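Labels below follow one simple rule: chain letters A, B, ... track the order of the sequence lines, proteins then strands, and each chain is numbered from 1.
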Amino acid sequence: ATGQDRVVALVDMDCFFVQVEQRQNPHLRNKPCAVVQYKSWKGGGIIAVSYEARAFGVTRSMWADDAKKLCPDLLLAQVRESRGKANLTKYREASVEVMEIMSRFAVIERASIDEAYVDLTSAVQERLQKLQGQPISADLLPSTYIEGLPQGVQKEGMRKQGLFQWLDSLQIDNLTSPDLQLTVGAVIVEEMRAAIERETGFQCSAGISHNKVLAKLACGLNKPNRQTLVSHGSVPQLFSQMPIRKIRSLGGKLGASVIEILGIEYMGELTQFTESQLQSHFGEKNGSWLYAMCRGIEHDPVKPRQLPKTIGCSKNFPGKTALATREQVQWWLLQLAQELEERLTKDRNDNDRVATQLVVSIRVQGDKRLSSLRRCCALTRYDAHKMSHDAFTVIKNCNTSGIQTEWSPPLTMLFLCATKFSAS
DNA sequence: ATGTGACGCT
DNA sequence: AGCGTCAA
Ligand SMILES: Nc1ccn([C@H]2C[C@H](O)[C@@H](COP(=O)(O)NP(=O)(O)OP(=O)(O)O)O2)c(=O)n1
Ligand SMILES: [Mg+2]
Ligand SMILES: [Mg+2]
């Protein structure tokens, strides 16, 4: 088995929140700019960065006051603020624009606000019958890189030389060749990305490969505004110098333990181990997954899911602002519950469903985890005052303070999340 | 003082 | 039911 059964693509919008703001404000287009929230602390936290500003070293999470030191001409757009909280509605609506266009071409898995996987296997088979026998011109792939090629002057000349080498060697007479399927898959993704750009103004990158991990990896190789085809044959050289942390799901603790326990650095080095060895170090599931993945084989399906399964609303209360009175907790719970109710009502009207569970999460001062405590209760009425009261009820006994109107230990985060959706 | 979601393990 | 991991 070689894991060449499917054609899968990952589409990822380039500097997404920036593009949404640059579409709306033409003065920001083609400029070093960033999107920021909460202007009053250090000029605001940076959440997205145009590629022009990245060349100066501006990054996500950087304070805008500090970004200005690296990039004095940097232009800023502020996220909307509602009820004292950053409001991301504009970017969720822009995401829907993009997801609905992609859904015209194939069934998508919404992976994040600006990324979706697509299983192109069926669309590829149909295109191979309609474009039966006729070769694939390089003009059908104007923004495609073939990873690993050319082999054997300027950036665009390199791109085309590699594409020419790829197409020159392609067996068009065999409608079952996996390389031909990826290539036809890339033709469709070109058409998909053109449609996104035409109908929204947004540019994106894409990876085309045989599974989600390779498609995700391929996508980043030539970002922005380009797509990359990673074939099965390209995997050994690509993985031979690919740090383990770059493969999706190996960027955290498991990936660090793969490095530390096995004494390796690159994905290809995993091939030296038996499946049983990897299962012994990392578990039956992780071990089996690593054994196949380091050969470029992965079976996680593109799930047919265009809608989030949870709808959540959180606010941080760092340092000195940590909530320390019962009246503060109740007022902020109400603020979050009101935004959640607005989102839930739109969701019920748009998507014919209703959340039936409310999860309440709090972080206490000094805890390095995102969530110190999670409790749930029934979500029976999209009513902000009821949701906030119920949320307070399930967490009120976390209060350690002997004084009633006080709250201790102070709360550095509140989080309300509606979940367990059923048809409505 | 950075500020959403999806899924695994128990 | 509640916590931990991983990624946008
Ligand atoms: N930790 C993070 C990562 C991203 N985001 C937002 C801002 C991003 O523009 C948007 C898409 O995330 P992203 O793809 O990781 N980065 P972005 O699209 O801005 O730049 P690219 O590198 O994809 O071109 O999610 C966030 O709010 N918090
Ligand atoms: Mg992106
Ligand atoms: Mg993304």
Name the nucleic acid region contacted by A:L250, choosing base, sugar-phosphate or nothing; use a 4.0 angstrom heavy-atom cut-off, strictly under. sugar-phosphate
A:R369 side chain, from C-beta outward: closest of B:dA6, B:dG3, C:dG4: C:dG4
Winner on side-chain proximity to A:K216, out of C:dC6, C:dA8, B:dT4, is C:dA8
Tell me which donor-acceptor pairs under 3.5 Å the side chains of residues 253-272 of chain A have, and how far apart each pair is, sequence neighbours excluded?
| unit_1 | atom_1 | unit_2 | atom_2 | d |
| --- | --- | --- | --- | --- |
| A:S257 | OG | A:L254 | O | 2.9 |
| A:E269 | OE2 | A:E265 | N | 2.7 |
| A:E269 | OE2 | A:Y266 | N | 2.8 |
| A:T271 | OG1 | A:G268 | O | 2.8 |
| A:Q272 | NE2 | A:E269 | O | 2.9 |

Round to the nearest Å and state the distance from A:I113 atom CD1 to C:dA8 atom P. 13 Å
Any salt bridge (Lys or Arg N to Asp or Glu O under 4.0 Å) involving residues 314-323 of chain A? Give me the pairs, sequence neighbours left out, ordered by first then second residue. none
A:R248 side chain, from C-beta outward: closest of C:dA7, C:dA8, C:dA1: C:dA7
Tabulate protein N/O versus nucleotide N/O from nucleotides 7-10 of chain B, keeping only pairs under 3.5 Å, one per line.
| unit_1 | atom_1 | unit_2 | atom_2 | d |
| --- | --- | --- | --- | --- |
| B:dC7 | OP1 | A:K303 | NZ | 3.0 |
| B:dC7 | OP1 | A:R305 | NH2 | 3.2 |
| B:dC7 | OP2 | A:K309 | NZ | 2.8 |

Grab the CG-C1' distance between A:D300 and C:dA7 for me, whole Å please. 14 Å
Nucleotide nearest A:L370 (side chain, heavy atoms from C-beta), chosen from C:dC6, B:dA6, C:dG4: C:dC6
Using whole Å, what does the distance between atom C1' of nucleotide C:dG4 and atom NZ of A:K253 come to? 7 Å
Mind checking the P distance from B:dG3 to C:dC6? Whole angstroms is fine. 22 Å
B:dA1 base stacked by A:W41? Criteria: ring centres under 5.5 Å, plane angle under 30°. yes
